[PDB]
Amino acid sequence: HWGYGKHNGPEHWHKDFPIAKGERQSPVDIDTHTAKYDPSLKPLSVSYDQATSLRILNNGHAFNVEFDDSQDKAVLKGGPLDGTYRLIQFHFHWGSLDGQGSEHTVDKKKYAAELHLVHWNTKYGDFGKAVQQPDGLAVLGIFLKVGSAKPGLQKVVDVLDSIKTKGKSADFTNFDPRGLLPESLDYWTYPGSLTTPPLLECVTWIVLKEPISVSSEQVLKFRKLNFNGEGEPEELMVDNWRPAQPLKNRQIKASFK
Ligand SMILES: *CCS(=O)(=O)c1c(F)c(F)c(S(N)(=O)=O)c(F)c1NC1CCCCCCC1
Ligand SMILES: [Zn+2]
């Protein structure tokens, strides 16, 4: 099926998913000199005090921390967004080495990894309906650089050995995603897509300028996960990122001057 291997990677996805060559594909390069400050944008509102984590899952292409989204408990509002978007999960993309891993780039710079906090527009009732809409999802993207350890990440790192292989899950309650945020919420925003099949063009992207720092040891443990299922030959889960896609007829806006 599709993946990030030698023969089923991003350059092949268009054969099953023709929207791969569409008009609003993600990720993109963020050219910092061309992004225009938009004084009409509002400050982001991140309300995660009531977030309730449930489970961590190895789904074969990343690991997901899933939240209880049966109520408005953890929501993203404001900035470019109209209405209320509810947190459903977060996951990461990372590299085989520190010089690559992110999906978005900044002046062509690649970070070691990229965190995505996925939210769905509650006016559409469920996420399945939301992904059929141009304003169905809001994904908050946060770059990871290697330096000092991120203490709020270690609980995630420590459970990864329990979900090594595709299809494994573990209980993962009481995790606070506010521990993964940088200091500043300054951001770039643009209309785009999911970065994995089915590549639906349903996302407002909000990509924070400030990266978080994680340690070498923390990211090394991401790279011990497996794409394969238990009992199959080991394929390390590394380089699960899609490269930058053409910007086409889109403008990237900055929240900051
Ligand atoms: C392949 C599913 S995933 O790992 O959960 C997943 C992913 F890898 C992604 F890269 C995106 S992204 N970058 O576009 O944000 C993503 F949204 C993923 N999962 C969502 C689940 C949330 C419900 C909406 C349905 C879209 C897939
Ligand atoms: Zn993602």
# chains A, B, ... in the order shown; residues from 1 in each chain; ligands from 1
$ residues_near_ligand --ligand "ligand 2" --cutoff "10 Å" --atoms "only C-alpha atoms and all ligand atoms" --output "PDB file with C-alpha atoms, in the first residue's frame"
ATOM      1  CA  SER A  26       0.596  20.492   1.708  1.00  0.00           C
ATOM      2  CA  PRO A  27       3.236  20.840   2.955  1.00  0.00           C
ATOM      3  CA  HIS A  61       2.930   5.662   9.354  1.00  0.00           C
ATOM      4  CA  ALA A  62       3.273   7.565  12.628  1.00  0.00           C
ATOM      5  CA  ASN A  64      -0.961   9.182  17.312  1.00  0.00           C
ATOM      6  CA  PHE A  90      -1.610  14.803  17.605  1.00  0.00           C
ATOM      7  CA  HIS A  91       1.231  13.029  15.838  1.00  0.00           C
ATOM      8  CA  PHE A  92       4.738  13.685  14.555  1.00  0.00           C
ATOM      9  CA  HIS A  93       6.827  13.439  11.383  1.00  0.00           C
ATOM     10  CA  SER A 102       9.805  18.287   8.974  1.00  0.00           C
ATOM     11  CA  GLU A 103       7.120  18.549   6.255  1.00  0.00           C
ATOM     12  CA  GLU A 114       7.275  18.403  13.094  1.00  0.00           C
ATOM     13  CA  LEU A 115       4.361  18.061  15.503  1.00  0.00           C
ATOM     14  CA  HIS A 116       0.789  18.281  14.161  1.00  0.00           C
ATOM     15  CA  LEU A 117      -2.171  18.954  16.466  1.00  0.00           C
ATOM     16  CA  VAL A 118      -5.252  18.066  14.453  1.00  0.00           C
ATOM     17  CA  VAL A 139      -3.783  21.741  11.940  1.00  0.00           C
ATOM     18  CA  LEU A 140      -1.386  23.457  14.299  1.00  0.00           C
ATOM     19  CA  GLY A 141       2.183  22.713  13.205  1.00  0.00           C
ATOM     20  CA  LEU A 194      -3.670  16.527   4.579  1.00  0.00           C
ATOM     21  CA  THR A 195      -0.023  15.547   4.051  1.00  0.00           C
ATOM     22  CA  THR A 196      -0.840  11.796   3.896  1.00  0.00           C
ATOM     23  CA  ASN A 240       7.733   9.659   7.404  1.00  0.00           C
ATOM     24  CA  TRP A 241       7.481  13.165   5.841  1.00  0.00           C
ATOM     25  CA  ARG A 242       6.142  14.446   2.537  1.00  0.00           C
TER      26      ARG A 242
END
$ select_by_dssp --residues "stretch 10-242 of chain A" --states "strand (DSSP E)" --output "ChimeraX atom specification"
/A:29-30,36-37,44-47,53-58,63-67,75-78,85-94,105-106,113-121,137-146,169-171,187-192,203-208,212-214
$ write_last_selection --atoms "C-alpha atoms" --output "compact mmCIF listing (two decimals), in the first residue's frame"
# COMPACT_ATOMS: atom_id res chain seq x y z
CA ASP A 29 8.09 25.95 1.82
CA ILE A 30 7.50 29.14 3.83
CA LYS A 36 2.87 39.20 4.22
CA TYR A 37 2.02 40.47 7.67
CA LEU A 44 -4.64 32.36 18.18
CA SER A 45 -6.78 30.96 21.01
CA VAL A 46 -5.48 27.55 22.27
CA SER A 47 -7.79 26.20 25.03
CA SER A 53 -5.95 12.05 26.31
CA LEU A 54 -7.04 8.41 25.89
CA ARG A 55 -4.60 6.27 23.95
CA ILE A 56 -1.38 6.15 21.95
CA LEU A 57 -1.40 4.15 18.67
CA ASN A 58 1.22 3.01 16.15
CA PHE A 63 2.22 7.38 16.26
CA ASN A 64 -0.96 9.18 17.31
CA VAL A 65 -1.99 10.43 20.76
CA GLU A 66 -5.81 10.37 20.65
CA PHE A 67 -8.12 12.63 22.68
CA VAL A 75 -10.40 23.76 21.18
CA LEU A 76 -8.58 25.99 18.72
CA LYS A 77 -10.23 29.30 17.75
CA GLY A 78 -9.22 32.73 16.47
CA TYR A 85 -12.19 23.49 16.03
CA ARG A 86 -11.94 20.51 18.44
CA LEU A 87 -8.69 18.63 19.18
CA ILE A 88 -8.89 14.97 18.07
CA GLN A 89 -5.21 13.80 18.04
CA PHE A 90 -1.61 14.80 17.60
CA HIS A 91 1.23 13.03 15.84
CA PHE A 92 4.74 13.68 14.55
CA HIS A 93 6.83 13.44 11.38
CA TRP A 94 10.60 12.90 11.70
CA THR A 105 10.27 24.11 5.51
CA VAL A 106 11.31 27.71 6.30
CA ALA A 113 10.69 16.81 13.17
CA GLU A 114 7.28 18.40 13.09
CA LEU A 115 4.36 18.06 15.50
CA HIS A 116 0.79 18.28 14.16
CA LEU A 117 -2.17 18.95 16.47
CA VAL A 118 -5.25 18.07 14.45
CA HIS A 119 -8.60 19.78 15.03
CA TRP A 120 -11.98 19.47 13.29
CA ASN A 121 -14.60 22.15 12.64
CA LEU A 137 -9.75 20.94 9.67
CA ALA A 138 -7.27 23.19 11.40
CA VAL A 139 -3.78 21.74 11.94
CA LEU A 140 -1.39 23.46 14.30
CA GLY A 141 2.18 22.71 13.20
CA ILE A 142 5.20 23.00 15.48
CA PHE A 143 8.82 22.49 14.42
CA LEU A 144 11.27 20.41 16.54
CA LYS A 145 14.98 21.20 16.71
CA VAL A 146 17.57 19.10 18.57
CA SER A 169 -1.76 0.70 21.18
CA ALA A 170 -1.40 1.59 24.85
CA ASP A 171 -3.53 3.44 27.39
CA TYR A 187 2.40 31.93 13.15
CA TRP A 188 2.15 31.65 9.39
CA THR A 189 -1.14 30.50 7.83
CA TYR A 190 -2.26 29.24 4.40
CA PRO A 191 -5.02 26.98 2.91
CA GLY A 192 -3.79 23.42 2.23
CA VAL A 203 -7.00 22.06 6.05
CA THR A 204 -6.31 25.56 7.32
CA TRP A 205 -2.61 25.32 8.25
CA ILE A 206 -1.31 27.29 11.23
CA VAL A 207 2.46 26.85 11.51
CA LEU A 208 4.18 28.37 14.55
CA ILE A 212 10.54 23.64 20.38
CA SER A 213 13.83 22.04 21.45
CA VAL A 214 14.00 18.27 22.10
$ select_by_dssp --residues "stretch 19-240 of chain A" --states "helix (DSSP H, G or I)" --output "JSON, numbers by chain"
{"A": [19, 20, 21, 122, 123, 124, 127, 128, 129, 130, 151, 152, 153, 154, 155, 156, 157, 158, 159, 160, 161, 162, 163, 177, 178, 179, 180, 216, 217, 218, 219, 220, 221, 222]}
$ write_last_selection --atoms "N, CA and C atoms" --output "mmCIF file, in the first residue's frame"
data_model
loop_
_atom_site.group_PDB
_atom_site.id
_atom_site.type_symbol
_atom_site.label_atom_id
_atom_site.label_comp_id
_atom_site.auth_asym_id
_atom_site.auth_seq_id
_atom_site.Cartn_x
_atom_site.Cartn_y
_atom_site.Cartn_z
ATOM 1 N N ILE A 19 -5.467 13.889 -6.477
ATOM 2 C CA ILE A 19 -5.451 15.185 -5.794
ATOM 3 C C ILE A 19 -4.040 15.554 -5.295
ATOM 4 N N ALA A 20 -3.124 14.581 -5.295
ATOM 5 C CA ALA A 20 -1.730 14.800 -4.992
ATOM 6 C C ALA A 20 -1.122 15.925 -5.829
ATOM 7 N N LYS A 21 -1.639 16.151 -7.046
ATOM 8 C CA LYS A 21 -1.133 17.215 -7.912
ATOM 9 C C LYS A 21 -2.135 18.373 -7.987
ATOM 10 N N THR A 122 -16.366 22.041 14.280
ATOM 11 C CA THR A 122 -17.509 21.412 14.922
ATOM 12 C C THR A 122 -18.812 21.748 14.197
ATOM 13 N N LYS A 123 -18.828 22.686 13.271
ATOM 14 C CA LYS A 123 -20.071 22.988 12.571
ATOM 15 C C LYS A 123 -20.460 21.806 11.680
ATOM 16 N N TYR A 124 -19.510 20.900 11.368
ATOM 17 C CA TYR A 124 -19.782 19.740 10.533
ATOM 18 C C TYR A 124 -20.088 18.467 11.324
ATOM 19 N N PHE A 127 -15.654 14.315 12.230
ATOM 20 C CA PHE A 127 -14.471 14.552 11.413
ATOM 21 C C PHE A 127 -14.641 14.002 9.993
ATOM 22 N N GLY A 128 -15.355 12.884 9.846
ATOM 23 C CA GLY A 128 -15.598 12.313 8.533
ATOM 24 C C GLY A 128 -16.280 13.298 7.581
ATOM 25 N N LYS A 129 -17.240 14.066 8.105
ATOM 26 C CA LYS A 129 -17.885 15.081 7.295
ATOM 27 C C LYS A 129 -16.969 16.296 7.096
ATOM 28 N N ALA A 130 -16.237 16.678 8.150
ATOM 29 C CA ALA A 130 -15.343 17.826 8.103
ATOM 30 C C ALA A 130 -14.310 17.716 6.975
ATOM 31 N N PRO A 151 10.860 18.585 28.614
ATOM 32 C CA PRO A 151 10.365 17.704 29.684
ATOM 33 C C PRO A 151 8.947 17.200 29.417
ATOM 34 N N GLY A 152 8.113 18.017 28.772
ATOM 35 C CA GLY A 152 6.719 17.653 28.534
ATOM 36 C C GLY A 152 6.530 16.600 27.442
ATOM 37 N N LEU A 153 7.606 16.269 26.718
ATOM 38 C CA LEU A 153 7.601 15.186 25.739
ATOM 39 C C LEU A 153 7.978 13.841 26.333
ATOM 40 N N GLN A 154 8.667 13.789 27.488
ATOM 41 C CA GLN A 154 9.276 12.529 27.911
ATOM 42 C C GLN A 154 8.230 11.453 28.181
ATOM 43 N N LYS A 155 7.028 11.800 28.651
ATOM 44 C CA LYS A 155 6.031 10.756 28.902
ATOM 45 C C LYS A 155 5.654 10.033 27.600
ATOM 46 N N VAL A 156 5.635 10.784 26.496
ATOM 47 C CA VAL A 156 5.416 10.174 25.189
ATOM 48 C C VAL A 156 6.572 9.235 24.816
ATOM 49 N N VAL A 157 7.809 9.728 24.906
ATOM 50 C CA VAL A 157 9.007 8.966 24.552
ATOM 51 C C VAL A 157 9.032 7.632 25.307
ATOM 52 N N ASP A 158 8.618 7.656 26.580
ATOM 53 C CA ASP A 158 8.792 6.496 27.454
ATOM 54 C C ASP A 158 7.798 5.367 27.168
ATOM 55 N N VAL A 159 6.699 5.653 26.452
ATOM 56 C CA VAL A 159 5.713 4.646 26.149
ATOM 57 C C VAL A 159 5.981 4.049 24.765
ATOM 58 N N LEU A 160 6.943 4.602 23.992
ATOM 59 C CA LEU A 160 7.066 4.190 22.598
ATOM 60 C C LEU A 160 7.513 2.733 22.515
ATOM 61 N N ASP A 161 8.294 2.274 23.490
ATOM 62 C CA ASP A 161 8.731 0.882 23.398
ATOM 63 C C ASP A 161 7.553 -0.079 23.567
ATOM 64 N N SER A 162 6.392 0.382 24.046
ATOM 65 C CA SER A 162 5.217 -0.467 24.188
ATOM 66 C C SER A 162 4.325 -0.512 22.941
ATOM 67 N N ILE A 163 4.629 0.317 21.919
ATOM 68 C CA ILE A 163 3.864 0.381 20.680
ATOM 69 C C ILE A 163 4.832 0.310 19.492
ATOM 70 N N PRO A 177 -1.147 18.372 26.492
ATOM 71 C CA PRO A 177 -0.441 18.798 25.281
ATOM 72 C C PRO A 177 0.119 20.225 25.357
ATOM 73 N N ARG A 178 -0.253 20.996 26.388
ATOM 74 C CA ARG A 178 0.279 22.349 26.537
ATOM 75 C C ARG A 178 1.789 22.279 26.792
ATOM 76 N N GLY A 179 2.286 21.129 27.291
ATOM 77 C CA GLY A 179 3.704 20.910 27.533
ATOM 78 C C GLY A 179 4.546 20.784 26.259
ATOM 79 N N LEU A 180 3.900 20.783 25.073
ATOM 80 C CA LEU A 180 4.600 20.684 23.786
ATOM 81 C C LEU A 180 4.610 22.007 23.017
ATOM 82 N N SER A 216 18.595 14.987 21.604
ATOM 83 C CA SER A 216 19.011 13.937 20.708
ATOM 84 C C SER A 216 18.425 12.593 21.153
ATOM 85 N N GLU A 217 18.456 12.319 22.474
ATOM 86 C CA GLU A 217 18.029 11.027 22.980
ATOM 87 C C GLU A 217 16.533 10.851 22.756
ATOM 88 N N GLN A 218 15.764 11.934 22.903
ATOM 89 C CA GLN A 218 14.313 11.892 22.691
ATOM 90 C C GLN A 218 13.972 11.538 21.241
ATOM 91 N N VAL A 219 14.628 12.184 20.278
ATOM 92 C CA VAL A 219 14.317 11.926 18.879
ATOM 93 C C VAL A 219 14.888 10.562 18.463
ATOM 94 N N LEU A 220 15.992 10.113 19.091
ATOM 95 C CA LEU A 220 16.544 8.800 18.760
ATOM 96 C C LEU A 220 15.526 7.705 19.076
ATOM 97 N N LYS A 221 14.697 7.899 20.119
ATOM 98 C CA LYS A 221 13.698 6.913 20.488
ATOM 99 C C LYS A 221 12.502 6.929 19.530
ATOM 100 N N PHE A 222 12.168 8.062 18.902
ATOM 101 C CA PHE A 222 11.208 8.031 17.808
ATOM 102 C C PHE A 222 11.674 7.094 16.688
#
$ atom_distance --atom1 "atom 11 (C, counted along the ligand's line) of ligand 1" --atom2 "atom CA of residue A:1"
17.0 Å
$ atom_distance --atom1 "atom CA of residue A:7" --atom2 "atom CA of residue A:131"
27.6 Å
$ closest_residue --among "A:135, A:126, A:176, A:210" --to "ligand 1" --atoms "only C-alpha atoms and all ligand atoms"
A:126
